[PDB]
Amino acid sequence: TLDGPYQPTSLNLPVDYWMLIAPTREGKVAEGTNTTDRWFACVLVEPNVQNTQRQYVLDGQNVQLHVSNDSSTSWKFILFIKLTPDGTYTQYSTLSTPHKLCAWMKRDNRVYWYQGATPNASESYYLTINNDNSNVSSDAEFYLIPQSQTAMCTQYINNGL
């Protein structure tokens, strides 16, 4: 079930809900943290982007990041992670898709996202201890999908809404 859409915002997301984010333009898509040892950032890159540095607002300040997208047809979401409050975001995972949809979810002890190349992208996860101060921000409209209906989230990620 597609709950939404919702306008951009920041909150402590309840566990077991995919945030399916649907941006229209390249740029920062989302960020999230448990405030202790994980800071996540997702950016969207348009097709045919040669190695370059782009500036994004992350964790409250401007940050320069290396990006590229070798595809002529798919857009590319890139997940960056830093593991300390004053560390350095580094590229961790990518999703290549012509549909410009990405998703993430919090569960007990994990954060999930989709990775690979549509239409055969699949879920990946990272050990993350959730807390009462955890928070996530979406810069684009998004939907919520219950974890019980993960198959439908996968359907949308790979094949479009």
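A residue's number is simply how far along the shown sequence it sits, counting from 1.
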>> Please compare 114-122 with 34-42 and name the stretch with the higher mean C-alpha B-factor in the deposited structure.
In response: 114-122
> Once you work out the mean C-alpha B-factor for both 47-55 and 94-102 from the entry, which is higher?
Replying inline: 47-55
> Considering only modelled residues of the same chain, in which third does the CA B-factor of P5 rank: lowest, middle or highest?
Replying inline: middle
> Hey, what third does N158 fall into on Cα B-factor, ranked over its chain?
Replying inline: middle
>> Quick check on the deposited entry: does the C-alpha B-factor of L13 sit in the lowest, middle or highest third of its chain?
In response: highest
